[PDB]
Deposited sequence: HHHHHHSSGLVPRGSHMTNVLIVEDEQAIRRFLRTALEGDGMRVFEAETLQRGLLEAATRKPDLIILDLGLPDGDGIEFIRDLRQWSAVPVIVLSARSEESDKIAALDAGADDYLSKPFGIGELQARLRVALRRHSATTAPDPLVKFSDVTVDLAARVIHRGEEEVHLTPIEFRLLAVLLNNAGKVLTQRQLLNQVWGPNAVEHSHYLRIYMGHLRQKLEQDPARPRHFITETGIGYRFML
């Protein structure tokens, strides 16, 4: 019912990936190469794609660039060089999530749901704080919290992308624009302001999760 395409050359990881996904209500296709990977992205049109950046076919970055020109299939990326340049590139060119190359069958199962519930078919509340983008008023414990316009935009970007990582660049361009590619430190400070005013324990966030080297990700 929900089909996965495994794009990974190493026969070892693919049998593992196949065996693990097939153990859920889910069937998988495979492709030893970036080329054939793009093919069964047309021939099968899966519900979600898993691709390692290790493929020697030519950097997998442009595979997602291509893929996104027509398709909006969620793409979980596998990072061998778990130094974050690759993972950011992937996430920036359209990827949805990532796993570092030694990973467990939970994180694989988790980050697949979050991107299948995020790709099927108003104003929500996370456990103590009620945010309502309609009127632009936000309660924490039946008490309105006053937020700078910019702070409210940053909250709103996060709030609509629940469960998905956002890189330092995705967040900047959607709060200011392409102006300050380098003046990033404001994103991290404002995110601290959002933390200080909407989190039970700011240094132990439950919703405004830090994803070091990558960016941020809102939860629940």
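Colleague: Identify which parts of the deposited sequence carry no C-alpha coordinates, going from the N-terminal end onward.
Modeller: Comparing the full sequence with the modelled residues, the uncovered ranges come out as 1-16, 138-142.
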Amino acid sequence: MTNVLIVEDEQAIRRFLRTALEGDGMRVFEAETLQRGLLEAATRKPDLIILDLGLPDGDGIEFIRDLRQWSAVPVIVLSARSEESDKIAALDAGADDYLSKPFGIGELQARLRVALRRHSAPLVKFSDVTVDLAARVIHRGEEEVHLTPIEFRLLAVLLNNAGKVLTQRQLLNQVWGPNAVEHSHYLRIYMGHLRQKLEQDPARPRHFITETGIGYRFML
From here on, numbers count along this sequence of modelled residues.
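Colleague: Look up the CA B-factors in the entry and say which stretch, 181-189 or 162-170, has the higher mean.
Modeller: Looking at the record's C-alpha B-factors, the answer is 181-189.
Colleague: Higher mean Cα B-factor in the deposited model: 152-160 or 38-46?
Modeller: Stretch with the higher mean C-alpha B-factor: 38-46.
Colleague: Based on the PDB record, which member of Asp9, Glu199, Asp24, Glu211 exhibits the highest Cα temperature factor?
Modeller: Among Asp9, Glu199, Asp24, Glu211, the highest C-alpha B-factor in the entry belongs to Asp24.
Colleague: Looking at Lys87, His146, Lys101, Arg111, which has the highest CA B-factor as recorded?
Modeller: Within the set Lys87, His146, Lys101, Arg111, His146 shows the top C-alpha B-factor.
Colleague: Based on the deposited C-alpha B factors for this chain, I'd like to know if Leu5 is in the lowest, middle or highest third.
Modeller: Ranked within chain, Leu5 CA B lands in the lowest tercile.
Colleague: Per the entry's values, where does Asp52 land by CA temperature factor relative to the rest of its chain, in the lowest, middle or highest third?
Modeller: Ranked within chain, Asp52 CA B lands in the lowest tercile.
Colleague: Determine, from the deposited record, the chain-internal third of the Cα B-factor for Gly106: lowest, middle or highest.
Modeller: Lowest third, going by the recorded CA B-factors of the chain.
Colleague: Taking the values exactly as deposited, rank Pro74 by C-alpha B-factor within its chain and report the matching third: lowest, middle or highest.
Modeller: Middle third - that is where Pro74 ends up once the chain's C-alpha B-factors are sorted.
Colleague: Per the entry's values, where does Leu91 land by CA temperature factor relative to the rest of its chain, in the lowest, middle or highest third?
Modeller: Tercile = lowest for this residue's CA B-factor.
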